[PDB]
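S.K.: Just query-v2.txt, nothing more (compact mmCIF, N, CA and C atoms):
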```txt
# COMPACT_ATOMS: atom_id res chain seq x y z
N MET A 489 9.07 24.93 8.25
CA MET A 489 7.84 24.10 8.43
C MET A 489 7.82 23.04 7.33
N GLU A 490 8.66 22.01 7.47
CA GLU A 490 8.73 20.89 6.49
C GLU A 490 7.96 19.66 7.03
N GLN A 491 8.08 18.59 6.27
CA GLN A 491 7.18 17.40 6.40
C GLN A 491 7.33 16.80 7.80
N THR A 492 6.24 16.37 8.42
CA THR A 492 6.22 15.72 9.75
C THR A 492 5.93 14.22 9.59
N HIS A 493 5.27 13.84 8.50
CA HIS A 493 4.65 12.53 8.34
C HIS A 493 4.69 12.17 6.86
N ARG A 494 4.54 10.88 6.61
CA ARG A 494 4.46 10.36 5.22
C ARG A 494 3.28 9.38 5.17
N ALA A 495 2.45 9.49 4.13
CA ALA A 495 1.34 8.54 3.90
C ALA A 495 1.93 7.17 3.55
N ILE A 496 1.38 6.08 4.08
CA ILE A 496 1.85 4.70 3.78
C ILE A 496 0.76 3.86 3.10
N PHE A 497 -0.47 4.34 3.03
CA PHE A 497 -1.61 3.64 2.37
C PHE A 497 -2.38 4.65 1.54
N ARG A 498 -2.92 4.20 0.41
CA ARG A 498 -3.90 4.94 -0.41
C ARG A 498 -5.18 5.24 0.41
N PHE A 499 -5.57 6.51 0.50
CA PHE A 499 -6.83 6.94 1.14
C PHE A 499 -7.61 7.82 0.17
N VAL A 500 -8.77 7.31 -0.28
CA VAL A 500 -9.72 8.05 -1.12
C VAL A 500 -10.83 8.56 -0.23
N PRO A 501 -10.98 9.90 -0.09
CA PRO A 501 -12.06 10.49 0.70
C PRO A 501 -13.46 10.00 0.30
N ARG A 502 -14.27 9.76 1.32
CA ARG A 502 -15.74 9.55 1.17
C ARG A 502 -16.48 10.78 1.70
N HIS A 503 -15.83 11.58 2.55
CA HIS A 503 -16.41 12.72 3.28
C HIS A 503 -15.68 14.00 2.89
N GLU A 504 -16.38 15.14 2.94
CA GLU A 504 -15.87 16.42 2.38
C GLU A 504 -14.69 16.93 3.24
N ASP A 505 -14.60 16.56 4.51
CA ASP A 505 -13.57 17.07 5.43
C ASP A 505 -12.26 16.29 5.27
N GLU A 506 -12.23 15.23 4.43
CA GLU A 506 -11.09 14.30 4.37
C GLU A 506 -10.00 14.77 3.41
N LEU A 507 -8.76 14.39 3.73
CA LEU A 507 -7.57 14.66 2.88
C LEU A 507 -7.22 13.43 2.06
N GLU A 508 -7.20 13.56 0.75
CA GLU A 508 -6.80 12.42 -0.11
C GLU A 508 -5.29 12.12 0.05
N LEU A 509 -4.93 10.87 0.23
CA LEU A 509 -3.52 10.41 0.34
C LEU A 509 -3.17 9.44 -0.80
N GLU A 510 -2.03 9.61 -1.42
CA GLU A 510 -1.31 8.57 -2.20
C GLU A 510 -0.12 8.08 -1.37
N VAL A 511 0.28 6.84 -1.56
CA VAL A 511 1.47 6.28 -0.86
C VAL A 511 2.67 7.22 -1.07
N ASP A 512 3.28 7.66 0.03
CA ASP A 512 4.54 8.44 0.12
C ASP A 512 4.21 9.92 0.04
N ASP A 513 2.96 10.34 0.11
CA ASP A 513 2.63 11.79 0.13
C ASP A 513 3.29 12.38 1.35
N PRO A 514 4.02 13.51 1.18
CA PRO A 514 4.57 14.23 2.32
C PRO A 514 3.44 15.02 2.98
N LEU A 515 3.43 15.03 4.32
CA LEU A 515 2.30 15.56 5.10
C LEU A 515 2.87 16.46 6.18
N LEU A 516 2.25 17.62 6.35
CA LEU A 516 2.49 18.52 7.48
C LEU A 516 1.27 18.39 8.38
N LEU A 517 1.50 17.79 9.54
CA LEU A 517 0.48 17.40 10.51
C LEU A 517 0.30 18.55 11.48
N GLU A 518 -0.87 19.18 11.52
CA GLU A 518 -1.10 20.35 12.38
C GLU A 518 -1.75 19.92 13.69
N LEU A 519 -2.57 18.87 13.67
CA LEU A 519 -3.30 18.41 14.87
C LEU A 519 -3.46 16.89 14.82
N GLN A 520 -3.09 16.23 15.92
CA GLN A 520 -3.36 14.79 16.17
C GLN A 520 -4.49 14.75 17.19
N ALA A 521 -5.74 14.59 16.72
CA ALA A 521 -6.94 14.78 17.55
C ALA A 521 -7.17 13.53 18.41
N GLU A 522 -7.84 13.69 19.54
CA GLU A 522 -8.17 12.62 20.52
C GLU A 522 -8.97 11.49 19.87
N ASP A 523 -9.60 11.71 18.71
CA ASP A 523 -10.42 10.63 18.04
C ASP A 523 -9.65 9.97 16.89
N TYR A 524 -8.32 10.11 16.85
CA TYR A 524 -7.38 9.35 15.98
C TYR A 524 -7.60 9.77 14.53
N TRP A 525 -8.02 11.01 14.32
CA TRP A 525 -7.98 11.68 13.01
C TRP A 525 -6.88 12.75 13.09
N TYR A 526 -6.07 12.82 12.03
CA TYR A 526 -5.01 13.84 11.90
C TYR A 526 -5.51 14.93 10.96
N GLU A 527 -5.32 16.19 11.35
CA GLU A 527 -5.55 17.37 10.47
C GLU A 527 -4.20 17.76 9.88
N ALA A 528 -4.13 17.82 8.55
CA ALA A 528 -2.85 17.93 7.83
C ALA A 528 -2.98 18.74 6.54
N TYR A 529 -1.82 19.24 6.10
CA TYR A 529 -1.57 19.76 4.75
C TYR A 529 -0.90 18.61 3.98
N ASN A 530 -1.46 18.20 2.85
CA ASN A 530 -0.78 17.35 1.87
C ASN A 530 0.17 18.23 1.03
N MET A 531 1.49 18.04 1.15
CA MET A 531 2.49 18.93 0.52
C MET A 531 2.63 18.60 -0.97
N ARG A 532 2.12 17.47 -1.45
CA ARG A 532 2.08 17.17 -2.90
C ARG A 532 0.91 17.91 -3.54
N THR A 533 -0.30 17.81 -2.97
CA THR A 533 -1.55 18.28 -3.63
C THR A 533 -1.83 19.73 -3.23
N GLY A 534 -1.32 20.18 -2.08
CA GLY A 534 -1.64 21.48 -1.48
C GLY A 534 -2.99 21.47 -0.76
N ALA A 535 -3.68 20.33 -0.70
CA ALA A 535 -4.99 20.22 -0.01
C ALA A 535 -4.76 20.13 1.50
N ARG A 536 -5.78 20.52 2.25
CA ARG A 536 -5.90 20.38 3.72
C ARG A 536 -7.11 19.50 4.04
N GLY A 537 -7.03 18.76 5.14
CA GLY A 537 -8.17 17.94 5.58
C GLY A 537 -7.72 16.96 6.63
N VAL A 538 -8.62 16.01 6.93
CA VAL A 538 -8.34 15.04 8.02
C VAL A 538 -8.21 13.65 7.38
N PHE A 539 -7.50 12.79 8.04
CA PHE A 539 -7.34 11.38 7.64
C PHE A 539 -7.13 10.55 8.88
N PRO A 540 -7.38 9.23 8.75
CA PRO A 540 -7.28 8.31 9.87
C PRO A 540 -5.81 8.11 10.25
N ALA A 541 -5.49 8.26 11.55
CA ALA A 541 -4.14 8.41 12.04
C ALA A 541 -3.17 7.33 11.49
N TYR A 542 -3.63 6.09 11.37
CA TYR A 542 -2.79 4.91 11.06
C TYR A 542 -2.43 4.90 9.57
N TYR A 543 -2.86 5.91 8.80
CA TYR A 543 -2.52 5.97 7.35
C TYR A 543 -1.14 6.64 7.14
N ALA A 544 -0.50 7.12 8.22
CA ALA A 544 0.75 7.90 8.10
C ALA A 544 1.76 7.48 9.17
N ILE A 545 3.06 7.62 8.85
CA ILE A 545 4.16 7.44 9.83
C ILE A 545 4.86 8.78 10.03
N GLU A 546 5.35 8.99 11.24
CA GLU A 546 6.20 10.15 11.61
C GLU A 546 7.57 10.00 10.96
N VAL A 547 8.08 11.07 10.34
CA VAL A 547 9.41 11.08 9.69
C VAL A 547 10.35 11.89 10.58
N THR A 548 11.64 11.56 10.52
CA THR A 548 12.79 12.30 11.13
C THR A 548 13.02 13.62 10.37
N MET B 489 -23.94 -15.32 9.69
CA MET B 489 -23.37 -14.71 10.92
C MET B 489 -21.96 -15.28 11.17
N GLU B 490 -21.12 -15.33 10.14
CA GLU B 490 -19.69 -15.73 10.28
C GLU B 490 -18.83 -14.48 10.07
N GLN B 491 -17.86 -14.25 10.94
CA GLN B 491 -16.89 -13.13 10.86
C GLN B 491 -16.08 -13.26 9.57
N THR B 492 -15.84 -12.16 8.88
CA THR B 492 -15.04 -12.12 7.62
C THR B 492 -13.70 -11.41 7.88
N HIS B 493 -13.66 -10.52 8.87
CA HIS B 493 -12.57 -9.52 9.02
C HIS B 493 -12.44 -9.20 10.50
N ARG B 494 -11.31 -8.63 10.83
CA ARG B 494 -11.00 -8.20 12.22
C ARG B 494 -10.40 -6.81 12.15
N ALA B 495 -10.87 -5.89 12.98
CA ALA B 495 -10.26 -4.55 13.15
C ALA B 495 -8.84 -4.70 13.68
N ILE B 496 -7.89 -3.93 13.16
CA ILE B 496 -6.48 -3.94 13.63
C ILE B 496 -6.06 -2.56 14.18
N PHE B 497 -6.87 -1.52 13.96
CA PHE B 497 -6.59 -0.13 14.41
C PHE B 497 -7.83 0.49 14.97
N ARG B 498 -7.67 1.31 16.03
CA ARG B 498 -8.79 2.09 16.64
C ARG B 498 -9.33 3.10 15.60
N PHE B 499 -10.64 3.09 15.37
CA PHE B 499 -11.30 4.03 14.43
C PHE B 499 -12.51 4.65 15.14
N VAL B 500 -12.41 6.00 15.39
CA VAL B 500 -13.49 6.79 15.99
C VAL B 500 -14.18 7.55 14.87
N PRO B 501 -15.47 7.25 14.60
CA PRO B 501 -16.26 8.05 13.67
C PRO B 501 -16.26 9.56 13.87
N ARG B 502 -16.18 10.29 12.77
CA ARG B 502 -16.53 11.75 12.73
C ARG B 502 -17.87 11.98 12.05
N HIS B 503 -18.26 11.02 11.19
CA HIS B 503 -19.48 11.05 10.38
C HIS B 503 -20.47 9.96 10.80
N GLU B 504 -21.75 10.21 10.61
CA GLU B 504 -22.86 9.35 11.06
C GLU B 504 -22.83 8.03 10.30
N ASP B 505 -22.28 7.98 9.07
CA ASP B 505 -22.29 6.72 8.28
C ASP B 505 -21.15 5.79 8.69
N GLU B 506 -20.27 6.20 9.60
CA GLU B 506 -19.01 5.47 9.95
C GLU B 506 -19.24 4.47 11.07
N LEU B 507 -18.43 3.40 11.04
CA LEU B 507 -18.51 2.30 12.05
C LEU B 507 -17.39 2.50 13.05
N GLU B 508 -17.72 2.58 14.33
CA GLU B 508 -16.63 2.60 15.34
C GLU B 508 -15.94 1.25 15.47
N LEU B 509 -14.62 1.22 15.42
CA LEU B 509 -13.79 0.00 15.63
C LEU B 509 -12.94 0.13 16.89
N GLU B 510 -12.95 -0.94 17.71
CA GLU B 510 -11.83 -1.20 18.66
C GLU B 510 -10.93 -2.29 18.07
N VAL B 511 -9.66 -2.27 18.40
CA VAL B 511 -8.69 -3.30 17.96
C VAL B 511 -9.29 -4.70 18.31
N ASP B 512 -9.37 -5.55 17.30
CA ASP B 512 -9.73 -6.98 17.39
C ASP B 512 -11.25 -7.15 17.26
N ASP B 513 -12.00 -6.09 16.96
CA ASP B 513 -13.46 -6.22 16.81
C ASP B 513 -13.72 -7.16 15.65
N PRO B 514 -14.62 -8.16 15.85
CA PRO B 514 -15.01 -9.04 14.75
C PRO B 514 -15.99 -8.31 13.84
N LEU B 515 -15.82 -8.49 12.53
CA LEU B 515 -16.55 -7.69 11.52
C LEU B 515 -17.11 -8.67 10.49
N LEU B 516 -18.36 -8.45 10.13
CA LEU B 516 -19.00 -9.08 8.96
C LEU B 516 -19.06 -7.98 7.90
N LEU B 517 -18.27 -8.19 6.86
CA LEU B 517 -18.02 -7.23 5.80
C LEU B 517 -19.02 -7.46 4.68
N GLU B 518 -19.88 -6.49 4.43
CA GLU B 518 -21.04 -6.63 3.51
C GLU B 518 -20.65 -6.07 2.14
N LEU B 519 -19.81 -5.04 2.10
CA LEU B 519 -19.45 -4.38 0.81
C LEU B 519 -18.05 -3.80 0.87
N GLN B 520 -17.21 -4.13 -0.11
CA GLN B 520 -15.84 -3.59 -0.29
C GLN B 520 -15.94 -2.62 -1.47
N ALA B 521 -16.05 -1.33 -1.20
CA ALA B 521 -16.34 -0.31 -2.23
C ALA B 521 -15.07 0.05 -3.00
N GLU B 522 -15.23 0.53 -4.23
CA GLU B 522 -14.15 0.92 -5.16
C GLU B 522 -13.27 2.02 -4.58
N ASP B 523 -13.72 2.75 -3.56
CA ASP B 523 -12.93 3.85 -2.93
C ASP B 523 -12.25 3.39 -1.62
N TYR B 524 -12.15 2.09 -1.40
CA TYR B 524 -11.37 1.45 -0.29
C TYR B 524 -11.97 1.80 1.05
N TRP B 525 -13.28 1.99 1.07
CA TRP B 525 -14.12 1.99 2.29
C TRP B 525 -14.92 0.69 2.30
N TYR B 526 -14.96 0.05 3.45
CA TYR B 526 -15.76 -1.18 3.70
C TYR B 526 -17.06 -0.79 4.41
N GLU B 527 -18.17 -1.39 4.03
CA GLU B 527 -19.42 -1.41 4.82
C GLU B 527 -19.46 -2.73 5.59
N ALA B 528 -19.57 -2.63 6.94
CA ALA B 528 -19.60 -3.81 7.83
C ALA B 528 -20.61 -3.71 8.97
N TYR B 529 -20.89 -4.86 9.54
CA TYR B 529 -21.57 -5.07 10.83
C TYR B 529 -20.46 -5.39 11.82
N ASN B 530 -20.35 -4.59 12.88
CA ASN B 530 -19.50 -4.89 14.04
C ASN B 530 -20.22 -5.92 14.91
N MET B 531 -19.67 -7.14 15.02
CA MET B 531 -20.32 -8.28 15.70
C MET B 531 -20.22 -8.14 17.22
N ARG B 532 -19.34 -7.27 17.73
CA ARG B 532 -19.30 -7.00 19.19
C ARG B 532 -20.41 -5.97 19.54
N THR B 533 -20.50 -4.86 18.81
CA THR B 533 -21.32 -3.69 19.21
C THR B 533 -22.73 -3.81 18.62
N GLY B 534 -22.89 -4.52 17.51
CA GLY B 534 -24.13 -4.60 16.74
C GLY B 534 -24.31 -3.39 15.84
N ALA B 535 -23.31 -2.48 15.77
CA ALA B 535 -23.41 -1.26 14.92
C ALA B 535 -23.11 -1.66 13.48
N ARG B 536 -23.60 -0.88 12.54
CA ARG B 536 -23.28 -0.95 11.09
C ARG B 536 -22.63 0.37 10.67
N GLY B 537 -21.77 0.31 9.68
CA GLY B 537 -21.33 1.51 8.98
C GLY B 537 -20.10 1.25 8.14
N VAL B 538 -19.41 2.31 7.75
CA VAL B 538 -18.26 2.26 6.84
C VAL B 538 -16.99 2.63 7.59
N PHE B 539 -15.89 2.08 7.14
CA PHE B 539 -14.54 2.33 7.69
C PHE B 539 -13.53 2.14 6.60
N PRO B 540 -12.34 2.74 6.76
CA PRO B 540 -11.25 2.66 5.81
C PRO B 540 -10.66 1.25 5.73
N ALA B 541 -10.55 0.69 4.55
CA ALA B 541 -10.27 -0.73 4.30
C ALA B 541 -8.99 -1.15 5.04
N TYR B 542 -7.94 -0.32 5.16
CA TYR B 542 -6.68 -0.76 5.80
C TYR B 542 -6.81 -0.93 7.31
N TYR B 543 -7.98 -0.63 7.86
CA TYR B 543 -8.24 -0.75 9.33
C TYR B 543 -8.70 -2.14 9.67
N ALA B 544 -8.83 -3.06 8.70
CA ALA B 544 -9.23 -4.45 8.97
C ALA B 544 -8.41 -5.44 8.14
N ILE B 545 -8.26 -6.65 8.66
CA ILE B 545 -7.64 -7.78 7.92
C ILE B 545 -8.71 -8.86 7.76
N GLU B 546 -8.60 -9.61 6.67
CA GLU B 546 -9.41 -10.81 6.40
C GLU B 546 -9.01 -11.92 7.37
N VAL B 547 -9.99 -12.62 7.95
CA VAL B 547 -9.74 -13.89 8.69
C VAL B 547 -10.03 -15.06 7.73
N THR B 548 -9.07 -15.94 7.55
CA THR B 548 -9.25 -17.19 6.74
C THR B 548 -9.63 -18.31 7.71
N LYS B 549 -10.92 -18.64 7.76
CA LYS B 549 -11.47 -19.83 8.47
C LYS B 549 -12.73 -20.32 7.74
```
Render the structure in this file as structure tokens.

M.R.:
Amino acid sequence: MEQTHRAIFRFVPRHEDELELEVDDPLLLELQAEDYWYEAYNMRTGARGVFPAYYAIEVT
Amino acid sequence: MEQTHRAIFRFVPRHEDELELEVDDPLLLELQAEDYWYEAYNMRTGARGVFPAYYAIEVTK
């Protein structure tokens, strides 16, 4: 169960459900929801939460 | 009532303070906060709220 996605933009949470992203954070994406929020594990911070879909790219 | 910004990505609110964006929505940007959330008026919908700063680009006109 390794990285599915990589953060490409800085995201600072405003809401308690959100996942903080730094550029190049490795992400394990558990759910790509119909409202364009991704539920993920940040593999750098160990935090879980949601972020806006366009903040990450799919990795090989 | 002049547009400052344009939505470039679909943004569906999860929170009541958030602004729904469709791609190309004209935006009047009222506040660019230190945490990279923008407060805007959506000029298509008439809604107000906040969205993640990378979801919009500045229009130079």

S.K.: Please report, as an MDAnalysis selection string, each residue of chain B to which DSSP assigns strand (DSSP E) when run on this structure's backbone.

M.R.: chainID B and resid 493:495 514:520 525:530 536:540 544:546

S.K.: Would you export the selected residues with N, CA and C atoms as a short mmCIF file (atom, residue, chain, number, x, y, z; two decimals), in the frame of the given file, please?

M.R.:
```
data_model
loop_
_atom_site.label_atom_id
_atom_site.label_comp_id
_atom_site.auth_asym_id
_atom_site.auth_seq_id
_atom_site.Cartn_x
_atom_site.Cartn_y
_atom_site.Cartn_z
N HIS B 493 -13.66 -10.52 8.87
CA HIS B 493 -12.57 -9.52 9.02
C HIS B 493 -12.44 -9.20 10.50
N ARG B 494 -11.31 -8.63 10.83
CA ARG B 494 -11.00 -8.20 12.22
C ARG B 494 -10.40 -6.81 12.15
N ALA B 495 -10.87 -5.89 12.98
CA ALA B 495 -10.26 -4.55 13.15
C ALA B 495 -8.84 -4.70 13.68
N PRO B 514 -14.62 -8.16 15.85
CA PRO B 514 -15.01 -9.04 14.75
C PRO B 514 -15.99 -8.31 13.84
N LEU B 515 -15.82 -8.49 12.53
CA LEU B 515 -16.55 -7.69 11.52
C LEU B 515 -17.11 -8.67 10.49
N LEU B 516 -18.36 -8.45 10.13
CA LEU B 516 -19.00 -9.08 8.96
C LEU B 516 -19.06 -7.98 7.90
N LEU B 517 -18.27 -8.19 6.86
CA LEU B 517 -18.02 -7.23 5.80
C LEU B 517 -19.02 -7.46 4.68
N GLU B 518 -19.88 -6.49 4.43
CA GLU B 518 -21.04 -6.63 3.51
C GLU B 518 -20.65 -6.07 2.14
N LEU B 519 -19.81 -5.04 2.10
CA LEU B 519 -19.45 -4.38 0.81
C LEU B 519 -18.05 -3.80 0.87
N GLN B 520 -17.21 -4.13 -0.11
CA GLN B 520 -15.84 -3.59 -0.29
C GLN B 520 -15.94 -2.62 -1.47
N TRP B 525 -13.28 1.99 1.07
CA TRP B 525 -14.12 1.99 2.29
C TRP B 525 -14.92 0.69 2.30
N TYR B 526 -14.96 0.05 3.45
CA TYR B 526 -15.76 -1.18 3.70
C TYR B 526 -17.06 -0.79 4.41
N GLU B 527 -18.17 -1.39 4.03
CA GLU B 527 -19.42 -1.41 4.82
C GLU B 527 -19.46 -2.73 5.59
N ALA B 528 -19.57 -2.63 6.94
CA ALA B 528 -19.60 -3.81 7.83
C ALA B 528 -20.61 -3.71 8.97
N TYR B 529 -20.89 -4.86 9.54
CA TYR B 529 -21.57 -5.07 10.83
C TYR B 529 -20.46 -5.39 11.82
N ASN B 530 -20.35 -4.59 12.88
CA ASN B 530 -19.50 -4.89 14.04
C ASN B 530 -20.22 -5.92 14.91
N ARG B 536 -23.60 -0.88 12.54
CA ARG B 536 -23.28 -0.95 11.09
C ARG B 536 -22.63 0.37 10.67
N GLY B 537 -21.77 0.31 9.68
CA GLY B 537 -21.33 1.51 8.98
C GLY B 537 -20.10 1.25 8.14
N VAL B 538 -19.41 2.31 7.75
CA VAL B 538 -18.26 2.26 6.84
C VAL B 538 -16.99 2.63 7.59
N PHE B 539 -15.89 2.08 7.14
CA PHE B 539 -14.54 2.33 7.69
C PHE B 539 -13.53 2.14 6.60
N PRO B 540 -12.34 2.74 6.76
CA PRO B 540 -11.25 2.66 5.81
C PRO B 540 -10.66 1.25 5.73
N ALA B 544 -8.83 -3.06 8.70
CA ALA B 544 -9.23 -4.45 8.97
C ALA B 544 -8.41 -5.44 8.14
N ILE B 545 -8.26 -6.65 8.66
CA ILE B 545 -7.64 -7.78 7.92
C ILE B 545 -8.71 -8.86 7.76
N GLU B 546 -8.60 -9.61 6.67
CA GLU B 546 -9.41 -10.81 6.40
C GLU B 546 -9.01 -11.92 7.37
#
```

S.K.: Mind running chain B against chain A at 8 Å and telling me each contacting residue's nearest atom pair with the distance in Å (one decimal), counting only C-alpha atoms, chain and number ascending, as CSV?

M.R.:
```
residue,atom,partner,partner_atom,distance
B:497,CA,A:542,CA,7.1
B:498,CA,A:524,CA,7.4
B:499,CA,A:524,CA,6.8
B:500,CA,A:523,CA,5.3
B:501,CA,A:523,CA,7.7
B:503,CA,A:503,CA,7.9
B:523,CA,A:500,CA,5.6
B:524,CA,A:500,CA,6.9
B:525,CA,A:502,CA,7.8
B:540,CA,A:499,CA,7.7
B:542,CA,A:497,CA,7.5
```

S.K.: Could you tell me how far CA of residue 494 (chain A) sits from atom N of residue 514 (chain A), in Å to one decimal place?

M.R.: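 A separation of 5.1 Å between them.
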
S.K.: Just give me the gap between atom C of residue 520 (chain B) and atom C of residue 504 (chain B) in Å, one decimal is fine.

M.R.: 17.3 Å

S.K.: Could you jot down the CA of residue 492 (chain A) to CA of residue 506 (chain B) separation for me, Å, one decimal place?

M.R.: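 Going from CA of residue 492 (chain A) over to CA of residue 506 (chain B) covers 27.2 Å.
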
S.K.: For a quick check of understanding, using all atoms listed in the file, which of A:516, A:521, A:507, A:496 has the smallest distance to residue 536 (chain A)?

M.R.: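 Comparing A:516, A:521, A:507, A:496 against residue 536 (chain A), the winner is A:507.
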
S.K.: Show me, as a VMD selection string, the residues that have an atom within 5 Å of residue 527 (chain A) when counting all atoms listed in the file, minus same-chain residues fewer than 4 positions from it.

M.R.: chain A and resid 517 to 519 537 to 538

S.K.: Kindly extract all protein, DNA and RNA residues lying within 8 Å of the coordinates (-15.3, -0.1, 13.5) given in the file, considering all atoms listed in the file, and supply them as a PyMOL selection string.

M.R.: chain B and resi 495+497-501+506-511+513+515+528-530+535-540+543

S.K.: Which residues are near residue 493 (chain A)? Cut-off 10 Å, only C-alpha atoms, ignore same chain within fewer than 5 positions. Put them as a PyMOL selection string.

M.R.: chain A and resi 512-517+528+530+543-548

S.K.: Give me the box for region 489-499 of chain B as lines of an AutoDock Vina configuration file, namely the centre and edge lengths in Å to one decimal of a box along x, y and z that holds every listed atom plus 4 Å on each side.

M.R.:
```
center_x = -15.0
center_y = -5.5
center_z = 12.1
size_x = 25.9
size_y = 28.4
size_z = 17.0
```

S.K.: What's around residue 548 (chain B) at 12 Å? Count only C-alpha atoms, leave out sequence neighbours fewer than 3 positions away in its own chain, and write the answer as a PyMOL selection string.

M.R.: chain B and resi 490-494+545
